[PDB]
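Undergrad: To kick things off, part of the complex as it is:
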Amino acid sequence: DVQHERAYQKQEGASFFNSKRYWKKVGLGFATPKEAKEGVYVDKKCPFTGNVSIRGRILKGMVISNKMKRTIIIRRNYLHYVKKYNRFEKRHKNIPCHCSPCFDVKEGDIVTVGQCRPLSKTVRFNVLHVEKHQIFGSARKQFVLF
Amino acid sequence: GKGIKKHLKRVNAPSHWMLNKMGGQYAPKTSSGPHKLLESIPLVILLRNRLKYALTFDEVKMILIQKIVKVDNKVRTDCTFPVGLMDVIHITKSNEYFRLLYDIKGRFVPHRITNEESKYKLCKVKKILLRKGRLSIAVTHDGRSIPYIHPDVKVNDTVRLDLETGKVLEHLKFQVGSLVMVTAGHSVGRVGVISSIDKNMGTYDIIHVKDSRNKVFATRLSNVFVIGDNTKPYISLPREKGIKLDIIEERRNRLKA
C-alpha cells in the first residue's frame, strides 16, 4: 500500500530488528505533527523522515500549483522600493519547493518553507508549516502582505 | 591557472596595518599561521613600523636570522609569523618581553611585560571535540589543540595555559561579572563586565556589555574574549586601560597639554 513504484522506499537508518519508523525534532521552533509521527508514508527527501537537515534561511509564501507529485510551487509576493520616485512598488519571484506527503496542500494556503541542500535541478526548499487560507478569485492574482 | 593567491596590494593592506600609500606597491601576505590574516599582523610589520628597530626588509631578515626572537617561549625563524590575538613574544638579547594588546582606537600595540607575568598566556578555546577512547580536546583561537581538559571547561570559557609545559592551569567562565574584550568589533578595545546576553534562535546571539562609565553597547557572540573575572583584568592592559574615550572630551584632553 505504501510502495508502488518500481522500487522500495527504504527509510534509511530507521532500524528494523533490534531496537529495544524514524522521525526527527528538526528544531528551529517547529513541531513534528502527530500525522507525520504516526503516519505510514516512506520517503527519502522528506524533511521529517529523510536524511536532509534544514539549514540556511526561512521563507513564507502561497501555493500555486499542487498538480505535481511531491513538489509544489511557491511565489514570494513583497514590495520593492525605487530611489527615484520614492514610492514602493510590487515585484515577485516564484520558487519550486518540495512537499512532504504528511502535509495536505491546497491552492492559496500560506506555507512556511526552509532552505535545504540542493535537492533537484532548481528545488532547494522544503515546506515546514501550513495554515488553511481560503481564496477568492485567482491564486495567481491574489496578493498578501507576506 | 587559479591557484592560491600570493600577493596583497598596498592599498589592499588590511585595515589596522597602517601602511603608507606610496611606500612601494605590495604588503606581505602572511604565511598560513595560527591566526587569521585579517586579524593578525606579520612580525616584520610589528618590529618595523612600531619597534623601529631596522630600516629595510633585508635588515629585518638579518635580525631574524639570529635566534633571538621567540614566540610562546619557543624559537621562530620565518619572517611571516602572524603574532595573533593574544600571545607573548620574547627578546633575550635585551631580556624584554612584549605582549600584543589592542587600543580603544582599533589596532595592535606591543606592551612591555615583566618576566613573571610573561609566562602566562590566555587562550579562548573555539571548539570542543571527542577523540578515540573518550579523550576530550579543545581547539583554541591560538591555533593550538589542548588535549585532556577538565570536564569543568565549557565552550566559551578561557583557559590559563602555561607556555612551556603546554598544560592547563585554571578555567574562567562567562557570567555577567566576567571581564571580556572585543576582538574585531566596530567598538573594539572596550573592557566591560557584560550586563547580560541575548540568545537568538538559530542565528547570531547579541551580548550587552557595560563599561566603567555606565555606557552600554552590544556585540556579536562570535568575537569576544574572556580575559578575567570580577576581581581584576588578570594581564596588564595597555596605557588606555581598555576604556573607550569619547571624541569631543578626548579632543579636550588632547588640547589641555
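TA: That came through fine. Numbering: from 1, shown residues only, chains lettered A, B, ... in the order given.
Undergrad: quick one, helices of chain B?
TA: Per DSSP state H, chain B carries helices over the ranges B:43-45, B:57-65, B:247-255.
Undergrad: for the residue positioned nearest the centre of chain A, which residues make a bridge with it?
TA: With distances taken as CA atoms, centre = their mean, residue A:127 lies nearest the centre of chain A, 1.8 Å away. With DSSP bridges as the criterion, residue A:127 is bridged to residue A:113.
Undergrad: what about it, distance to residue A:137?
TA: 24 Å (CB to CB, to the nearest Å). Just so you know, the C-beta spots here come from the backbone N, C-alpha and C atoms, and that holds for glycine as well.
Undergrad: And residue A:49, by the same measure?
TA: Applying CB to CB to residue A:49 and residue A:137 gives a distance of 36 Å.
Undergrad: For these two, work out which one has more neighbours and name it.
TA: residue A:49 (25 against 8; other CB atoms under 10 Å in any protein chain shown).
Undergrad: Go ahead and report the secondary structure state at the closest residue to the more buried one other than its chain neighbours.
TA: Counting by CB to CB, 6 or more residues apart in numbering or on different chains, residue A:43 is the residue found nearest to residue A:49 once chain neighbours are left out, at 5.5 Å. Assigned with DSSP: H, G, I helix; E, B strand; the rest coil, residue A:43 falls in the coil class.
Undergrad: Append chain C to the structure above:
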Amino acid sequence: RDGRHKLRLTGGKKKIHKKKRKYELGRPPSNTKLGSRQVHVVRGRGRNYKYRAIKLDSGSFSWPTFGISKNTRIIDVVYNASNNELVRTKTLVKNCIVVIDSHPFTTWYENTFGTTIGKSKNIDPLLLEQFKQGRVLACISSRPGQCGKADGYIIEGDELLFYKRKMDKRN
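TA: Let me put chain C in with the others:
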C-alpha cells in the same frame, strides 16, 4: 561537464561563455561485471585515489537479522530496479539483486547455534527453503565502481516478498 550548456528554468537558452574548467570533470563511465577479480586506481581530485572495479567476483555480505557478515562470492544477477540492460548484461550497481551461495552461512549457523549476543531469532521458513536449495537472493548495497569491492545485505521479509513477486500472475 557539470553546470552549464543546458536550458534555463523559465524555458529559454543561456548564452555560453566560460570555457570548460577542469574541476567540473565528469569522468567517463565505469562498468563492473562478474569474472576474475581485477581493479584499477584512478587519480581522483586532490590525490585521493579512487578504486574502480572492472570485474568483481567476491566481497562482503551481511545478514541483517543476526547483524553478521561473512565473505563469499556472487553467482548470478537476476534483478535491478534500474534499466533492464544492466541485469541482462551481467554487471553490478549499487542497488542490484544477485544470487549467492548458502554454505558459508549455513556452516556459521551450525557452528554458532547448532542444528541444521542476541541469538534465538526463529528465522523464517521462506528463507529456510531457499537455503535448502542452496542458492539465495541478496541485494548489493555498496558502490562497486567506487569502492573497488562488493558488499550487500541478504533480503528478508516483505522486501523479498515484493522482489520475488515481481520475479515469478507472473512470467
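Undergrad: in terms of contact, does the residue nearest to the centre of chain A touch residue A:101 like I think?
TA: No - when contacts are counted by CB atoms under 8 Å, residue A:127 is not listed as touching residue A:101 (11.1 Å).
Undergrad: Overlap in contacts, these two.
TA: Common neighbours of residue A:127 and residue A:101 are not found (criterion: CB atoms under 8 Å, 6 or more residues apart in numbering or on different chains).
Undergrad: So which residues of chain C form helices?
TA: Under DSSP H, chain C gives helices at C:85-88, C:103-112, C:125-133, C:144-147, C:158-167.
Undergrad: of all the ones you listed, which lies closest to residue A:69?
TA: helix C:158-167 (20.6 Å; CB to CB).
Undergrad: Next, the buried residues of that closest one.
TA: C:159-160, C:163-164 (16 or more other CB atoms under 10 Å in any protein chain shown).
Undergrad: Can you spell out which helices and strands pack onto that helix?
TA: strand C:72-80, strand C:135-140 (3 or more CB pairs under 8 Å, 6 or more residues apart in numbering or on different chains; DSSP states H and E).
Undergrad: Tabulate these (CSV), appending distance to residue B:181 and mean neighbour count.
TA: Shown next, in CSV, are the helices and strands packed on helix C:158-167 (distance: least, CB to CB, whole Å; neighbours: other CB atoms under 10 Å in any protein chain shown):
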stretch, distance to residue B:181, mean neighbour count
strand C:72-80, 62, 17
strand C:135-140, 57, 19
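Undergrad: okay, RNA strand D goes in next:
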RNA sequence: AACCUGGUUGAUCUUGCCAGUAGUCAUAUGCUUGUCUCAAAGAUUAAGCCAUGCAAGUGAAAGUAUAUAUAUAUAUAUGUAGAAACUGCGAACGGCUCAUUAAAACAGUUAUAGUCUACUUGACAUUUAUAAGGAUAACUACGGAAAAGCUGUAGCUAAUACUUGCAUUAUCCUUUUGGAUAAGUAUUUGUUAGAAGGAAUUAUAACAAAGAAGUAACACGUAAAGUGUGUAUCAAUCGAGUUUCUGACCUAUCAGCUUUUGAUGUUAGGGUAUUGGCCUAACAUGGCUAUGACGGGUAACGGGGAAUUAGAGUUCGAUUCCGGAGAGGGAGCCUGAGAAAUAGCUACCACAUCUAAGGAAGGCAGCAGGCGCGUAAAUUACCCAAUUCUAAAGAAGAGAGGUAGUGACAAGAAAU
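TA: Adding RNA strand D to the chains above:
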C-alpha cells in the same frame, strides 16, 4: 554662487525653439612657452599582424660530489669549497587586455548539518638491524642529420629518486602488586547504544566483516638532550568549488515560449570531492509569461567610483584595487595538491618562418620597438638600491617593480 540675454512682430504680451554661457579626472587640435613640484599616457579603430633583445628559476649547519681546487698532524683523517648531474619546490604567482558576456557575471548577504584544501603551525600511531635490494644521470668512447630546448649501443656508479623491511600498547579478578584478557587508522558495508549543536544516520562505544597509507634503513649540531627533511589522522591557517536571498541599458514594428536532441519533477543507478537531469533507464506532464518570458540591439567586463549638484537627479565607469574571462578561434589532453595552464603539449583552419626541398619549429592582448589603422598615444635606457615574491630562503634571480628618458593629458607654487 538655488543666476539669465539676442532672435518670430508696425510696435506688445505669450507658447515655443534656436543661439548665447560655464564646467569635464574628455579627447583631439591651432598658436605660444622665462621656472619648480607632481605625472596621465596605442582603451576607442585593427582581442590585427610582428624583426629583434629579454621577460622564472632555484645551493653560506643540513640529500646527493674521484668534473674539480685548496688547507691542516703525519699515502693515512678531516675540512673549506665546487661547475656538470639525479631529486625536492615554484613555475597554476605576477603582469597585460576587455572580444564574448543582459538574472549569466558582479555586489551585498547566507549555507556548505552537501565538499575538497599546497606551504606552515599545533596535538599525536594501527596487523639483516653493530642497518636491506637494484636502476641510472652527469661522464668516458662511435656517431648522425641543415637545424632545433634532437638523439643509439658499451661501461659504470649514487642518493631524503625507486623499492623490501628491525617489537609492543591497552584492558579485567583477588583489590603499591600477582595472575587472566584484547590487539585495523582512514575508507566501505551490515546491526545497536549514543560531550556539542537547533535539529544527526554528529563526536564516540560494541559486534560482523573488508582494507589502503604508515609508524624514521635520511642528514647536520644546542643547552655551561637540538635542528633539518619526510610520513597517518584531527583542527586551524593561506583558499577554492557549489549555493539561498535582493538588485540592472534600450526595445512589443519580439505575444506566447520550453518539452523527440532533458524541457519540469518522482524513483533507482553511473559519475564526480561532496549534491543535483550532470548523465543513464523508467514513470509523470509538466515549468516560465503585460510585475514584459521567450527573442533582437548595446560604437555594453561588473563594483565600490568619476563629471555636475540648492536638494532631487542625468551622464562616463578599459583604466592604481576586488572579482570574471582570455592569450588567433573553437576542441582535447598529461604532469602536478592546485592548469582544461598556453614564455605545457596535441589536432584544424587562417597566417607565417627556416629549409641542403628530405623536413623542423611559431604565437608581443608581458617589458621595449616595427608594420597596418586612424586625429590620436613615450626609450629596442638603468637597476633589483626601495616594496614584495621564489627556492635547497642573508650573499642568487625578479621588464612584478623603483629610477632615468619623451611628455603645454590634467593639477599646484610663482618672475617679466
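Undergrad: back to what packs on helix C:158-167, now that we've got RNA strand D?
TA: Other elements packing on helix C:158-167 under the criterion 3+ CB pairs under 8 Å, 6+ apart are strand C:72-80, strand C:135-140.
Undergrad: And RNA strand D, is it touching that?
TA: No - applying CB under 7 Å from any atom of the strand, one finds helix C:158-167 separated from RNA strand D by no less than 10.7 Å.
Undergrad: could you check the angle strand C:135-140 makes with that helix?
TA: Angle of helix C:158-167 versus strand C:135-140, following axes from the mean of the first three to the mean of the last three CA atoms, to 10 degrees, is 110 degrees.
Undergrad: quick one, helix C:158-167 and helix C:125-133 angle?
TA: Going by the same axes, to 10 degrees, helix C:158-167 makes 70 degrees with helix C:125-133.
Undergrad: Dump the C-alpha coordinates for helix C:158-167 into PDB.
TA: Below are the C-alpha coordinates for helix C:158-167, written out as PDB (Å, rounded to 0.1, in the frame of the first residue of the first chain):
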ATOM      1  CA  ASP C 158       8.200  -8.400   2.800                       C
ATOM      2  CA  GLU C 159      11.100  -6.900   0.900                       C
ATOM      3  CA  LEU C 160      11.900 -10.400  -0.600                       C
ATOM      4  CA  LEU C 161       8.100 -10.900  -1.000                       C
ATOM      5  CA  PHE C 162       8.000  -7.800  -3.300                       C
ATOM      6  CA  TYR C 163      11.200  -8.800  -5.100                       C
ATOM      7  CA  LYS C 164      10.200 -12.400  -5.700                       C
ATOM      8  CA  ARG C 165       6.600 -11.400  -6.600                       C
ATOM      9  CA  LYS C 166       7.900  -9.200  -9.400                       C
ATOM     10  CA  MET C 167      10.300 -12.000 -10.300                       C
END
